[PDB]
Structure formats: structure tokens, C-alpha cells
Amino acid sequence: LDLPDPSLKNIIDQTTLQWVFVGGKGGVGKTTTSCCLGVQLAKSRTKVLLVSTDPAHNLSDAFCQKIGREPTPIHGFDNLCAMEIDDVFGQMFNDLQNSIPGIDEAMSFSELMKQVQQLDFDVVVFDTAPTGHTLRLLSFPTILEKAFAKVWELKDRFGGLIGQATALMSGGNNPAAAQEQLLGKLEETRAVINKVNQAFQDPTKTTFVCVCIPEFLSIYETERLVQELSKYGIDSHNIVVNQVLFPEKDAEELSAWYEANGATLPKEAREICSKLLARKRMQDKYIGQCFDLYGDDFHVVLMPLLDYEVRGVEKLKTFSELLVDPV
Amino acid sequence: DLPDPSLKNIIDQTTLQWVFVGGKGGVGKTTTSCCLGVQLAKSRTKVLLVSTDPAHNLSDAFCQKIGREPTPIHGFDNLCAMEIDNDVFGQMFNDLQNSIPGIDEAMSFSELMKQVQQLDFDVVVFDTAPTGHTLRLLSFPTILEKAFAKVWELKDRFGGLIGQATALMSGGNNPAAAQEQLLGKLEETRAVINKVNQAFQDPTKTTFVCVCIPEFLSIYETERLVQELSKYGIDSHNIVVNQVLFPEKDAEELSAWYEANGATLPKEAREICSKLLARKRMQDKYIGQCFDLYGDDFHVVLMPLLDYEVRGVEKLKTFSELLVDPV
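Chains as they are written, first to last, in the entry's author numbering: chain B, 4 to 89, 105 to 345; chain A, 5 to 89, 104 to 345.
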């Protein structure tokens, strides 16, 4: 068969990329794959930044180095930085936060995008939260529009009280001035997120990498994420199937060898081979399902399951080579 | 001519089963709720107080540790208080929580309502969270319907994948059985909340008490809450304006005395009198605004601002006496 290369080398080749997002369900290796992509991009690119919106501090444990809320240069690299992210006006803002769930996340994302675009980097890798939170990250514009419409509805409906009280309170508690400031903050956030989305819908600058493992839940969340990215016009052409058991041998070669030499093995080795072969068959079924869903338009990169955790700078550097050009 | 400036209509309506107390933070929701409970303990055979306020303000109010389950109030025979704080099914539930924000609060409220309705009390007073969270509490049926529609949409879209994986996995990890179990849990929650909401729209059984203070923000949140209760068919006819400065005299007497003897007071007495007069003028303006918005259809109960915090059983008894039969 002729298919796209089973590696993430196309990410390194496309030198015009500015946003590289890495998504997937929790526990599939999002942080490790993101760190390896950052390590690989640090070679060709002048400046590379890694941004983690995962609530935990998995970036610090991954790089075996304390990573701050601001850019922290990665030990052993000259151009690789990391970053981990966790009164009338005030009352109206709290009413808006309570009425429209997700507006605070939208404003936090807007502030983060402004800070990152002002940090001036050539490429930013994005270790996102699990799929569920990334879907809200993608649905942010509808939340901003609902916030605008909620503010307008509140103004229209309570204009009588707002104007009658505007006469009373003085100084910096005018309900109309505070309401206009809330509208202006919503407008700032919406403009920032609109420019960011215009940059995101350009496959020249933005792409998405989906990480999964040969199990039902991971592939299901990967399909959810792919369909949502397709809906919102965000490009994705890389699926990383991690923790693959023995990505070199087939289930058939070793199954035949075992069927030919079954009675020659001790009880223990025979049980271990049988368990390993069964898990390999299940993983092969799920990899075939992946190749059915994708493969035509996606680079499917298979990564071997390792005994040790891929932590530390040197181990990550060695694993990135397995990521970008396999055996 | 106006309705009686007291909450005595709450005690008179013997058919009431749910008495909700809402308002902005710091206006005295907990104090008013505890006083209403103390007063209902006289006429009713058994009275329960339920606090959904995130903090543990009930314990500080009663000056006594109140548990997560009903704890009989010291010194009362019929007054109890209460303060309220891989896996395929879990993954689908998390997808629902991420897609529909507020479904977990809806299920928690359903469990709380089932527990309270099984505790069997004659009347339950409900110290709710600040206004925004009560407004979220009111939209629960729509949120449950949106959750149902999300589960059905996911079922329709991914039925092929779900059945194809059902063919594979064994035992109690069927994705289709898990989806049906999620639907059944949603149905349980929706039935409980439907019974509760049918009970809420009956003025025979449910009424709302709005607590506020003579300031703009409190009156604005009170108006929001009243309009939302009107939209959602929940009855409210009691506004409690708490922390009123000097509820006995009018704006004229002390102002006239001071303007006749202004230059005769020492610096300290003159400063305190001036601050008091300004506070009284502002409070009178906002109380007039309250009487403009309501009074025609609402019992407006004015409560005096006290130097001490209304903690302890005796202070609660005196504040309840000022609440149900004023001076």
C-alpha cells in the first residue's frame, strides 16, 4: 500500500506552522508526545514554546524540571521554552459569569492568546486538556455571542431600574458606564478570539495532532475530536496511536510460531505468550479500526509501549526520534 | 394603604411546604432563613432548614455545629438544620458534563430534593446560594432536556461505532448498555426534578422571600430574581429590606436638628452625624426605589441595622420577632 508516512515528520517539514495543537483523552500520552514534538521543533525552528492548559502540572514531571506559569527555558535546549497554565461592574460581571457558563474560560483563553502572541515565538505546541475541555475551547464563539445577547437582554429588560438608579449613585458606579465597560470587555475578548480563530483555520499556520491508544474509549474520543475540528474548520492530519504492543511483529507470524511450538514451552512462558498475543490481537483490531476511519487522509504514527516512563530530557530526546522517523 | 410590613403571611399560609430565601451575598439570607425557621417552629409540627450556600454560614449563625444531615437545633423541639456540600459509563458521563454545563448540579439538586422529600417535614426553609446560582437552579428542567438530547444525538451519530465495539468487549462494559444506563440515570433525575418543579409552580406549596439591602446592587439582583421567578411561574410576594439604618425616624427630624445645631458639635460628633445623614439619605432613596418597584403586590419588611452580628439563638429570636410582627 501507498499511504502517508507513519511519522510526524510532515509537521517538521511544514516550516510555516505557528500553532501545533496536541489533543486526546487523558492518559494516552498527550504530555509526552507534546514534549517530544517541542523537542523536535526546537532543532529547525529559531524559537519554540510549549503551552500546557492541562489542569495538572504534568509538564514539570515530564521534563523533570520545574516549569513556571511564565516561559521557562528547557534544560539542555537554547531555543525551547515551556509554560504551564492551570461595584456595579463587578456585580454585573458576576451575573454574566453565572448566567453564561464558559465566559470566564473564554476570557482566560483570550488573555492567554494575547500573552502568547506578544511573547513572539516561531511555533507554539499546545498540550491541551482532555477532549471534553477542548470541545468547549472550540465552542467559545457561541458562548461569547450568548454573553453579548445576555448583556443586551439584561439592559433592555432592566433599563427602567438601571436608568432610575443611574440618577442616584455617583462616581464610578454608573450602571450604564459599567454596563458599557462590560460590553467593551466582551468585545475585546471576541475580537481577540476572532483573530485567533482566523489564524487557527489556516492549515498553513495551525494543525492538530490527535493522540490515542488501541482501546475503544481513546478511539471514540479521537473521532469526536476529529469531527469537531472538521466542523470548526481546523486542520488535522496526524493520528498518534501510542503504547502499541510490539509495533514490529504481526499477530499472525507469532501466532503461527506459537501454534507450532505451544507444547514445547513451560507453563509460565506459555501463559505469558498467550496473554501477550491476546492483547496484541485486541490492539490490532483497534488499529485496523483506526486505519478504517483514517489513513486515507491522516498520518498514522504507531508508538511502542515502554516499560519506563518517558521522563527526563534525554529519554524524551530519544523518544522523539522514534516519533518523527520510525524504524 | 399597603400590605402588612411583615412576613406573617408566610406563617399564616399553612399550606406552604417550600419557602425559599434568595438574594445577593451579605444581605442576610442566612439570618432571615434561620428566623423564618424559628418562627415556623412555633406553628408547624416539624420544620427543616436546608442550606445550599457554599460556605458553612449556618453553623456560625446558630453558634453550633450543624451536620451534613439534619441536626436538631439546640433548644427547639421541631427545628432541624442541614448544610450541603477505563470506565465507559464514566467517560460518557464526563462527555455529558463537558457538553452540558450544569447537569451535575441538576443531579445533586435532584438527590437533595429526594432526600428532603423522604425526610418528611411539614415545612422546609431554603437558604439558597447567591442570586446567580439560584437562577441556574431554576433552569434545571431545560438543562436535563438538553442533556437528554445530547445523549440521543451522540447515540444517533455513533450508533455504528458503539455497536461495533459492543460486539468486542465483554461483561459490564458494553458501550450501548452504558449509554442506556446514562439515559436511565437522566430519566430518574428528570422525574425527580419534574415532581419538584411541579411542586414549585404551586403557590399553595412554594413561595419565595427576597432579601436585599438599601443599595443599588441588591435591589438590581432582587429585580432580576423576581422577574426570573415570574417567568418560571414561581410565586414571590415578600421582600425583606435588611440592615435599614434607623427604621423609626424619617429623613427629616435628625437632619433638621443637626442643621439647627451643626456648628455646635465637636469634630467627632459632627463627622459621625454627617456620615450617618449621608448613609440615611442614600438608604431612603433606595428604599423609595424598592417601594416603587414593589409594595403593590409584595410585603415589604424593613429590618434595622444592628451593631452586633445576629448570631446565637437569642439574637435570632429577637430578629424573628422583629421579622414577623414589627414595631
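Ideal placement from N, C-alpha and C gives every residue a C-beta, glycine not left out.
| query | result |
| --- | --- |
| Let's see if you can read the secondary structure: which residues bound the alpha helix (DSSP H) around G150(B)? | 149-175 |
| Smallest Cα separation from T152(B): which of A287(B), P193(B), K33(B), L172(B)? | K33(B) |
| Below 8 Å between beta carbons: does that hold for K168(B) and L114(B)? | yes |
| Helix, strand or coil: how does DSSP classify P193(A) here? | helix |
| Taking the alpha carbon of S248(A) as the point to measure from, which residue in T19(A), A274(A), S157(A) has its own alpha carbon closest? | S157(A) |
| So, helix, strand or coil for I290(A), using DSSP? | helix |
| DSSP three-state label for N279(B), please. | coil |
| State yes or no: is the beta carbon of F234(A) nearer than 8 Å to at least one beta carbon in chain B? | yes |
| Using the C-alpha atoms, what's the distance from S338(A) back to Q43(A)? | 6 Å |
| Would you grab the beta carbon distance between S128(B) and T207(B) for me? Rounded to a whole angstrom, and I think it's under 8 Å. | 4 Å |
| Name the chain A residues that come within less than 7 Å of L40(B), Cβ to Cβ? | Residues of chain A passing the Cβ test: none, with the nearest at roughly 25 Å. |
| Which residue's Cα is closest to the Cα of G29(A): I15(A), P58(A), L20(A), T18(A)? | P58(A) |
| Please report the Cβ distance between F309(A) and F144(A), rounded to the nearest whole angstrom; I am assuming they are in contact, meaning their Cβ atoms lie under 8 Å. | So it is not a contact: roughly 26 Å between Cβ atoms. |
| Starting from the beta carbon of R175(B), find every residue of chain A whose beta carbon is closer than 8 Å, and list them in chain order. | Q245 |
| Using the beta-carbon of each residue, which ones in chain A are nearer than 9 Å to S117(B)? | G150, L153, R154 |
| Going by DSSP, name the residue or residues bridged to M86(B). | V54(B) |
| Within 10 angstroms of its Cβ, does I70(B) collect 16 or more other Cβ (buried), or is it exposed? | buried |
| Where does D145(A) fall in DSSP's three states? | strand |
| Whose C-alpha, out of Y238(B), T225(B), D268(B), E233(B), is nearest the C-alpha of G251(B)? | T225(B) |
| Using a beta-carbon distance below 8 Å, is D57(B) in contact with chain A? | no |
| Give the residues of chain A in contact with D302(B), contact being defined as C-beta atoms less than 9 Å apart. | Simply none; closest approach about 12 Å. |
| Rounding to the nearest angstrom, what Cα-Cα distance links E332(A) and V342(A) in this structure? | 15 Å |
| Got a sec: is the Cβ-Cβ distance from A183(B) to anything in chain A below 8 Å? | yes |
| Cα separation between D8(B) and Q17(B)? | 14 Å |
| Just checking, does the region 73-80 of chain A make contact with the region 168-185 of chain A on the three C-beta pairs under 8 Å criterion? | no |
| Please list, in chain order, all residues of the same chain as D140(A) whose beta carbon is under 6 Å from its beta carbon, the five residues on each side excluded. | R48, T49, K50 |
| Taking C-beta pairs closer than 8 Å, name the residues in chain A that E241(B) reaches, listed in chain order. | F176, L179 |
| Looking only at C-alpha atoms, which of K46(A), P159(A), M321(A), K203(A) sits nearest to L263(A)? | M321(A) |
| I think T19(B) touches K223(B), with their Cβ atoms under 8 Å apart; what is that distance to the nearest whole Å? | 6 Å |
| For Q301(B), which of helix, strand or coil comes out of DSSP? | helix |
| Could you please tell me which residues of the region 11-44 of chain A, in chain order, have their CB closer than 9 Å to any CB of chain B? | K28 |
| Quick one: is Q109(A) near chain B, going by C-beta distance under 8 Å? | yes |
| Near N61(B), which residues of its chain fall below 6 Å by C-beta distance, leaving aside the five closest residues on each side in sequence? | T34 |
| Which runs of the beta strand (DSSP E) at least 3 residues long sit entirely within the region 226-280 of chain A? Give them in chain order. | 254-262 |
| Taking the CB atoms as reference points, tell me whether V31(B) and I231(B) lie closer together than 8 Å. | yes |
| Does any residue of chain A bring its CB to less than 8 Å from the CB of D145(B)? | no |
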